[PDB]
Amino acid sequence: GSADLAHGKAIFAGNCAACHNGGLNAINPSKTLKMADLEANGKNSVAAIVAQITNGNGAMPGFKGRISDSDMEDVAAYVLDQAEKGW
Amino acid sequence: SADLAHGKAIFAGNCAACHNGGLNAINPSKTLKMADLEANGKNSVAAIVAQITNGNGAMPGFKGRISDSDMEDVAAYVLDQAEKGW
Ligand code: HEC
Ligand code: HEC
């Protein structure tokens with residue numbers, strides 16, 4: 001495994017897992033982190049997940065200034081990898 | 001009571017997305033059950049108004065989005081449901 005992925009996993013647990021436990025979505029069940037939902041919303045890329053983390057959307061807050069760009073890349077890679085291999 | 005029905009309406013419009021049925025899917029250790037409010041020192045009008053105003057963790061604040069009067073109505077609704085059982 002990658003050290004970046006393991007680092008992204010830890011950042012995910014601290015910042016994302018309460019709302020996206022197991023790649024789901026507590027608030028909005030139509031916007032999970034499953035690959036099919038990511039693809040249906042054009043979010044199945046590192047750049048699009050980083051943009052989502054940075055700006056947020058709807059009931060998801062933005063993390064600009066609270067998570068470094070480098071850490072955002074790590075968590076984006078963690079999410080996409082889990083999505084591709086199945087949460 | 002015009003206050004409790006109004007608080008119910010403000011709750012449906014602002015809190016039900018995360019606290020439907022008095023639960024808390026994001027953080028299941030912090031529901032709106034009276035027992036959880038007691039466990040966190042939140043079983044009071046003053047404490048719930050502060051929570052609404054400032055938020056905490058994954059809960060946003062509502063300052064400027066809900067009037068002070070409506071916040072008191074929401075707090076009374078929550079405590080009434082908590083006491084009766086959601
Ligand atoms: C609750 C306060 C959340 C936090 C913390 C995190 N996410 Fe989120 N996310 C949340 C909601 C309510 C939504 C839907 C927003 C909308 O406007 O509909 C999302 C969405 C996403 C997505 C898009 C999913 C899709 O299109 O299927 C992604 C990729 C995503 N969220 C990622 C993500 C990350 C990496 C987080 C930790 C930094 C994170 N979210 C936190 C709710 C909340
Ligand atoms: C998700 C975007 C939320 C919305 C909208 C509302 N609440 Fe919330 N609430 C949420 C979380 C994640 C938490 C736990 C916060 C933490 O730091 O751990 C809470 C907590 C409360 C509490 C305390 C409950 C307890 O057992 O201690 C109360 C009294 C509360 N929330 C009330 C409340 C009201 C009245 C809302 C509508 C104005 C509201 N919340 C919206 C998540 C979210």
Side-chain angles (χ1 to χ4, degrees), chain A residues 8-9 11-21 23-64 66-67 71-80 82-83, chain B residues 7-20 22-63 65-67 70-79 81-82:
Chain A
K9 182 178 186 180
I11 295 163
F12 184 91
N15 295 274
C16 320
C19 289
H20 291 295
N21 194 2
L24 293 182
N25 187 323
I27 301 184
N28 183 347
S30 81
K31 301 277 173 296
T32 68
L33 307 190
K34 294 174 179 174
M35 186 62 76
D37 278 353
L38 294 174
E39 171 195 358
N41 289 288
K43 308 292 190 177
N44 56 329
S45 76
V46 167
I49 291 163
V50 170
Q52 182 85 11
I53 296 171
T54 300
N55 305 314
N57 198 17
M60 183 175 149
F63 290 81
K64 189 147 92 196
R66 310 199 273 128
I67 298 180
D71 289 358
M72 286 192 191
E73 293 273 329
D74 292 343
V75 49
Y78 172 71
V79 165
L80 273 178
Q82 288 303 131
Chain B
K8 180 179 170 145
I10 306 290
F11 185 97
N14 297 271
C15 323
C18 302
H19 295 297
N20 191 31
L23 293 183
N24 191 339
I26 297 173
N27 187 342
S29 72
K30 302 212 180 162
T31 70
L32 308 185
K33 299 174 175 174
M34 189 59 86
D36 277 352
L37 298 175
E38 289 164 352
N40 287 278
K42 300 297 198 309
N43 58 318
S44 78
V45 174
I48 292 163
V49 168
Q51 181 88 9
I52 296 171
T53 303
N54 301 311
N56 197 38
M59 172 166 162
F62 288 78
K63 185 174 64 264
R65 307 197 273 147
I66 301 182
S67 69
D70 285 352
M71 286 193 197
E72 295 261 337
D73 290 347
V74 173
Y77 171 73
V78 164
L79 289 168
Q81 293 298 303

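Every number for a ligand or one of its atoms is a count from 1 in the order of the listing. All chains are named by letter (A, B, ...) in the order of the sequence lines, taking the proteins before the strands, and each is independently numbered beginning at 1. Computed from heavy atoms alone, side chains included, the values below leave out hydrogens, waters and symmetry copies.
- Checked by distance only, ligand 2 and B/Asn56 come closer than 3.5 Å through their nitrogen or oxygen atoms.
- Under 4.0 angstrom from ligand 2, the non-hydrogen atoms of B/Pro60 all belong to its side chain.
- Looking at every heavy atom in both residues, A/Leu80 comes nearest to A/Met35 through O-CE, 3.9 Å.
- In this comparison of A/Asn15, A/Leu80, A/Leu33, the heavy atom closest to atom 28 (C) of ligand 1 sits on A/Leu33.
- Looking only at protein heavy atoms, the nearest one to atom 8 (Fe) of ligand 1 is A/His20 NE2, 2.1 Å.
- Nearest to atom 26 (O) of ligand 2 by heavy-atom distance, out of B/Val74, B/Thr31, B/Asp70, is B/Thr31.
- Considering backbone and side-chain atoms together, B/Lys30 places an N or O closer than 3.5 Å to an N or O of ligand 2.
- Of the protein's non-hydrogen atoms, B/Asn24 ND2, 3.3 Å is the one closest to atom 13 (C) of ligand 2.
- The closest protein non-hydrogen atom to atom 36 (C) of ligand 1 is A/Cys16 SG, 2.8 Å.
- Atom 8 (Fe) of ligand 1 has an N, O or S atom of A/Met60 inside 2.8 Å of it.
- Between B/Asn27 and ligand 2, at least one N/O pair is under 3.5 Å apart.
- Close contacts between ligand 1 and A/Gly58 involve ligand atoms 17 (O) [criterion: under 4.0 Å to a heavy atom].
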